[PDB]
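Have a look at the structure below before the remarks.
With ideal geometry, Cβ positions are generated from the backbone for all residues, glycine too; neighbour counts draw on all protein chains shown. No lab work stands behind these numbers, since they all come straight from the coordinates.
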Amino acid sequence: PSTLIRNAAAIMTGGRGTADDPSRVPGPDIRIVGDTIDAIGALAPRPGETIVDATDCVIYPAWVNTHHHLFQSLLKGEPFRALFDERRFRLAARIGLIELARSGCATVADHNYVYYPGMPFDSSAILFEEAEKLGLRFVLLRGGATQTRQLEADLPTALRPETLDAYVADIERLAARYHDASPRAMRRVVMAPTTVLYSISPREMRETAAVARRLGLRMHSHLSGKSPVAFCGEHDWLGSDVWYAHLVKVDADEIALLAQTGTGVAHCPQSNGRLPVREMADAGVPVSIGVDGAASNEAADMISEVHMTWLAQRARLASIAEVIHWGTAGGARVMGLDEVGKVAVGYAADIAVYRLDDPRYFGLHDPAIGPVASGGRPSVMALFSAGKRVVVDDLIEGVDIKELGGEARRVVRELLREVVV
Ligand SMILES: [Zn+2]
């Protein structure tokens, strides 16, 4: 159980780029023993060891997606939810998970909120099952609401809120069943009421925070008396413990509070368009990257996202390393997976090896920059998750692309037919 990635053209560390924490390590080979990075730079092969020739290839740490809505992978077009079932939910998750894996992402976090009294299937179960079939680390962001006042009788089974205790109960169940607290867990669970300032009562967000903290879990939510951030603070919803998605429009005072509390953000540019950053980053608040639900982001893969992130940061005249950090080690520390997100000895072996065999890369003075700046989608000759090869030249064990294609095309038709009713 040893492997040697040899002769890499470039190696980005996902580091903050300082002298203490370098963003690029000019070194050439990488040894992996088990699930850990054993060494970096000038290594001689070993007898019977596995060898992967990364000649002309660029190495990056696998991506860490900190926000998503996988069911939406079958709702790509526009904004249905009540029509999801066993088969379907499973398909949407597989699809989005697959396209995420071939974009070099090894750690996915889904803000799942399909839950309702009497649901015939276990969403959470399905999500962890699929993630693992692919060999990916999964982070469950158990979402939901206790209110809605769209009323009720004019709301079907699927869209009805869950009583506060039902929610809490479920999380304890999930916390005990799947959550591993190591900083390199392959499974995680977090307290994530959809839009905390709406999905739940403010008295409920306090108690809801207490349970999460009591179970040693992190908190996450969509952040749409006084200021929103200031309100969250007053209801036990800030701290390096918590991180928010979709937080566009933020006061200077609000940024400071995020900076002092250590509350992170899940930056989603492509999605946020259908609706800042380097101020929060400068303020010191942790920044991570996510792509949420194909319903708001048709290009739900970490490469398209990272590309948009970089371009938008160039708009305000923001390096590639800067962004690679956000998409890797930055997201890891936001979700508490501290031994993940860095191509450094001692860390978990989650590595992406890209082959720039596409003409868009032909002519790059710094070929290392390609995966983020060239657009398109580099060829994953190799993806490693916990030291295991999940991808071999864009191929994943268990996936038949044409097959998966036909399935989705069929379900979408069914879906489209059914909404008419
Ligand atoms: Zn979202």
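Summary of computed values
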{"item": "Hits in segment 323-364 - residues which are of a type in the set (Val, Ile, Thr) and buried (at least 21 other Cβ atoms within 10 Å of the Cβ)", "result": "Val323, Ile324, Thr328, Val334, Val340, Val343, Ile351, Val353"}
{"item": "Strands (runs of 3 or more DSSP E) completely within segment 337-414 that count 1 or more residues being in contact with a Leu (Cβ under 9 Å, 6 or more places away or on another chain) and among the polar types (S, T, N, Q)", "result": "379-385"}
{"item": "Subset of segment 183-236 that is part of a loop (DSSP other than H, G, I, E, B) and of a type in the set (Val, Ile, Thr) - its residue that is nearest to the chain's Cα centre (by Cα)", "result": "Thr194"}
{"item": "Strands (runs of 3 or more DSSP E) within segment 35-105 that include 2 or more residues within 16 Å of the ligand (Cβ to nearest atom) and in contact with a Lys or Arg (Cβ under 8 Å, 6 or more places away or on another chain)", "result": "none"}
{"item": "Any chance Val265 is away from the ligand (no atom under 14 Å from the Cβ) and either closer than 30 Å to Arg377 by Cα or in a helix (DSSP H, G or I) (or both)", "result": "no"}
{"item": "Close pairs from segment 279-295: first over 14 Å from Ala256 (Cα atoms), partner of a type in the set (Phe, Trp, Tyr) and within 16 Å of the ligand (Cβ to nearest atom), Cβ under 8 Å, at least 6 apart", "result": "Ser288/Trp243; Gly293/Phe71"}
{"item": "Hits in segment 172-182 (condition: in a helix (DSSP H, G or I) and among the aliphatic types (A, V, I, L, M))", "result": "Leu174, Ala175, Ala176"}
{"item": "Among (1) hydrophobic (A, V, I, L, M, F, W, C); (2) more than 16 Å from the ligand (Cβ to nearest atom); (3) under 20 Å from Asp110 (Cα atoms), the one test that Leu247 misses", "result": "(2)"}
{"item": "Check on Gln260, over 28 Å from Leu70 (Cβ atoms) and not basic (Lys, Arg)", "result": "yes"}
{"item": "Which listed residue, of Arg188, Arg214, is among the charged types (D, E, K, R) and loosely packed, with under 15 Cβ neighbours inside 10 Å", "result": "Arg214"}
{"item": "Residues satisfying the stated conditions in segment 106-131, i.e. assigned to a helix (DSSP H, G or I) and in contact with a strand residue (DSSP E or B) (Cβ under 7 Å, 6 or more places away or on another chain)", "result": "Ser124, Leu127, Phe128, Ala131"}
{"item": "Selection count, segment 268-303, where residues are under 27 Å from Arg102 (Cβ atoms), more than 13 Å from the ligand (Cβ to nearest atom) and of a type in the set (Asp, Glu)", "result": "2"}
{"item": "Condition check for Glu414: closer than 25 Å to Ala131 by Cα, surrounded by fewer than 18 Cβ atoms within 10 Å (Cβ to Cβ) and of a type in the set (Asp, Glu)", "result": "no"}
